[PDB]
């Protein structure tokens, strides 16, 4: 399949088999030339892709297909916006970070770990509990001898690659969303990003911004994809509500809704207060991405129509 046919904005891993998903991940490494750049052993790349997939759990949303969605979307974002400042090391780092960013997720939020006083919350002092666990596991898999995709990087390259993987995964925590939004507003106020290839700190910030954008792939896909994934996330929220009840823990109110009306109500709130203001800042810094505002508006209108037919049939 041609690259411009596989690498489009309508891709959804939901409709693919495990065999095809492994193939899609390989193609992403092929097209970005990171294999020949760092002499990646394809036996270790295939073993790493296998251990990452099996290290994901079978949740409705936070599963291996979500990780492939994030990688594929990250491929599109970097290809469209970052090809003229991202380094070869950072490009490989973003591939490992996208695929590993939700390793061992169990469908439970950080708040669950903090409220339940879980082992993970104790180890990580309630700070970005899930994301710290994902990143830690990412290197435990990556640094097994038979999976060392980055075995040929020298000392300084691996230090940069590791710092990029850590920072990007940690910044998928929604608790740092508004931190990155405020920095993004300040960047757009003085004209946008300049000399990104000279500024390793701000370029790393851009990468974190892009991985976070790719993580929120539901409102920027066709509405059929948006609906299926959002409903799978809603199932995780309702599942956590049930578990929190059995444990006699407090539950957040928006996780209790379990029908189509409350699903549309919630996604309209998520788009209007998280995704759309985010992509309005992203589009200013990167005008090549403002076509996603049209996808977000299209899905928003489609969600508003559903919530309208429920207002009517009172």
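Numbering follows the first chain given and starts at 1.
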Determine, for stretches 42-50 and 63-71, which one has the higher mean CA B-factor as deposited. 42-50
Between 106-114 and 148-156, the record assigns the higher mean Cα B factor to 148-156
Would you mind finding, among 101, 133, 217, 189, the residue with the largest C-alpha temperature factor in the entry? 189
Where the record places residue 58 (Cα B-factor, split into thirds across the chain): middle
Modelled-residue ranking by C-alpha temperature factor, third containing residue 228: highest
Third of the chain's Cα B-factor distribution that residue 254 belongs to, per the entry: highest
Select lowest, middle or highest to describe the third in which the CA B-factor of residue 92 falls within its chain in this entry. lowest
Name the third of the chain's ranked CA B-factors that contains residue 126, choosing lowest, middle or highest. lowest
